[PDB]
């Protein structure tokens, strides 16, 4: 195959999403999260050479972070916080890049995945009011 | 054009501004901010081979920082603090350069972007009494 | 064709061996509790094999997953345990050739710092808890 | 024109000074400052191959620091503390060199500039009872 | 004669042991120690290409550590804690390897040796209820 | 001709001294200082291939430090503490060498110089009961 | 002749000792010290290719440290604590080696020397009940 699919962590809930393009990798990713519910609620992605925003979940949280990614820039560290099980949720993300940039969204009070690394190509999971489930997708 | 436009973060308010000159990159950037309102209020920029000062917003704040940038010097780290939403504002900036220089202006109490990196060429956004909206522009 | 790291913990539980000629370990998951301060359950996936190999009882309130690139090795590895006949594994720390690390469970009694290299399988004893755990590496 | 002029920071007050010599770069720089007023008061400079001492301001402060600079030694980091506006003053300086030497004079309670870097050739500004205004000058 | 013998530290007590094999170097070493007596009590060693476990002392302590050693891996730091004199004992060990592995057993409340370094080939000393005396053996 | 004279810091008092030899560099330097007066009182220097001690001031202090300097060893960092003005004194010294050796004598409660660097050749200043004034001398 | 003699620090008391052998450098050195008197009391040295133990002073202290030194291993840092004057003593030693090994014996409450560096070949000084005086000897 062309792509590495990291494990989707969290619950079975929400509307499914899959954001990926062969015409370009992820150039921007935004996480929205709340202190009220200590969850991720909403994620937006942009791809190289495309102004259109791909969004999932409900932007109801009181914080957001954006990581912008240079064309030649990779994810060298990547950690997702979540509550496990059928009624699980994603609670937080830490990404670190080949250029020393990092972002930190939300909370890490239960379970963690340390994911595959590489060129971030897309995301996949389930979202409604919250991010139920998140899986990263990388190139080779 | 043949430039990278970082996302404009903050609100829709203020008078639009675009500071860019074909005959050069940014050589000096000044941020004015207040402890009263915890916002950026005013930005001034100078370009290589141009003694003109390009200013936006109202210099009402009680603090200022200036970063001066050598001709061969790049931004390798860059973070803008902001309040999100239609009535948003820029609250702070942290820049770090290829030569270990850094500045820190204002506050980081809600949302952050970690932007693209490279040769800082210009800025763009909206300002009135405050900096409503700010986006960096880099060369390729 | 393999290096067997020492199995640490008790003599209890049903014996298990997870290894495949088909590939190395691509994912490992540890489940542990704050109630009992033990590892309870481990799942492993191998390269080119969609089967999940599981041992123990996933009753704990925490889990961690490490995913491992095909060319990625373990360069540091520490297992916490209670020693003796009624011993248990209490925790794991792994660190990889690509700067990734995980930490599961507790380290309140005994430690092994294991051999290093390409993680190929695991071996030990499990029931309600992980009684005994040993890593297996390639040469 | 074959020199880099860093921004003069502080007020419009004081008697203007320019210390620069065709004979060489700066070999010694001394800052005098007070805890009473939390200001720089006085600066002395010596140049390569020149026994003359160039002084400005009033040496009334209770502290002084001297940086001596080897012929081949550059400033790789430089920060000036100041009060901004017409009635402004310089409050402090931090210099760091290509050889791991640093100095720190005075206070940093309001505004900062992170200046250009390079071979320090001269200084320029305004002084009376205090250092009103200071700007560094570097070679290329 | 083509081995380096580190000093045996501790007392003259216990039954003498030497763990060394022509068959290879040490691949595993285990230290057992107590908080009750703040002593090492028991040591087990395994060698390359030899399934036999060599043990000395009484495993009565409430802690144990194992260091496993790759075939190509050396000791680059090594410190043994002991009580000196005829009635001495080994109280603790810190070993650090060419691959950034380290272990720490027991206590360091009186005397220390920082030993020779290299490929750990064997150990030698005296043990009964406690480890009376310990000496490391390296290759040349 | 081919020596660098660092600034003499401290007061105008004391008996003048100048210790230098064309035949060789400083191989040992000793500082004596007191907690009573928080001053340097006495300095001794030895030169390469010469057992004779060159001394100034009064060894009345309750502490001494010696730095010994290998033939190929340089000073890469050097800081003298002093009280400024006509009735000034040297209060302390920190030296750091090309081989990671450092010494620290006395107190730093008023003024500092960070001196030139290089091969320490001699010293020069004024001493009586105290070290009134000290300047380092380096080669090229 | 082929040796560097570091300064003997401490008092004039005790029986003089010189430990040196031309058939090898120091392979082991032991320092014995007390908390009672805060002094070094006793030193033992072994040389390469010589099973004889060379000892001076009275082993009455409640602590000992041993450093073992590989054939190719040098001292890169070395500090001796002492009381100065005719009735002086050595109070402590810190050695650091080319292989990252270090030891620390006794106390450092008055005077320090940072000695020459290199291959430790011998020691020299005066001892009775205490180590009155100690000086290191290095090769070239």
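As written, the chains take the letters A, B, C, D, E, F and G, and residue 1 is the first residue of each chain.
Basically, a residue touches a chain if its C-beta (ideal position, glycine included) is under 8 Å from a C-beta of that chain, and two chains touch if they have at least 3 such contacts.
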| item | value |
| --- | --- |
| Set of chains adjacent to chain A and to chain D | B |
| Whole-Å gap separating chain A and chain F, where each centre is the average of the chain's CA atoms | 61 |
| Chain E and chain G, separation of their C-alpha mean positions in angstrom | 27 |
| Between chain E and chain F, centroid-to-centroid distance (C-alpha), Å | 49 |
| Junction residues of chain D - those touching two or more other chains | none |
| Chains listed in ring sequence, where chain A comes first and chain B follows it | A, B, D, F, G, E, C |
| Residue ranges of chain D touching chain F (in the complex, touch as defined) | 28, 62-68, 70, 99-103 |
| Chain D-touching residues of chain F, taken from the complex the two chains share | 6-7, 9, 76-77, 84, 110-118 |
